[PDB]
């Protein structure tokens, strides 16, 4: 569609990515990055369109996407980037940075709730209703459905709007600096997950 562009392996070029921030999510075969391969990278430049990239089994390279991940002048926006950063670094060898995580930002601003999921925060902060996929999905299937493409695009089409509102909320309640320090540490948090500390809060007493 005009909203969703589908690609195999990689972005074909970076013509749509002359931007200062990109929105990213991924799909995998599960929550264990060492067992469960990367299957889809979905990315948006923030212009109301999304690119959905099917990643093949054994695929080691994605040079155009990786240029964006490495580019320190482009902020990579995620809603809970802790997992996606680990998956992307494990797949292609680059830990993306710098980052903004709308879930960490939500935890530091939406102090009146424990519901920090994407659907809930988009409804509350943006008045945008995104549908949540209910059945489980084999994201490694050779053929992805239009419904799958739409679900993947919905994960990234609104993160720039969400970041804009959350930045205002962080400033209003006085937590911009702490959020930024969390974003600076997040790539290390993801590295530590890959290294074997995924089940440990490294800052806990015991």
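Residue numbers count along the first chain shown, from 1.
At least a third of the other compared entries skip residue 135 while keeping the residues on either side. As listed in the deposited structure, the average C-alpha B-factor of 128-136 and of 105-113 is greater for 128-136.
Relative to one another, 78-86 and 115-123 have unequal mean CA B-factors, and 115-123 is the one with the higher figure. When the C-alpha B factors of 160, 175, 37, 61 are read from the deposited coordinates, the top value falls at 61. The entry assigns its greatest Cα B factor, within the set 155, 27, 142, 180, to 142. Sort the chain's modelled residues by C-alpha temperature factor and residue 47 lands in the highest third, per the entry. Among the modelled residues of the chain, residue 65 sits in the middle third by CA temperature factor in this PDB entry. Split the chain's modelled residues into thirds by C-alpha temperature factor. Residue 14 is in the highest one. When the modelled residues of the chain are ordered by their C-alpha B factor, residue 31 lands in the middle third. Compared with the other modelled residues of the chain, the Cα B-factor recorded for residue 147 ranks in the highest third.
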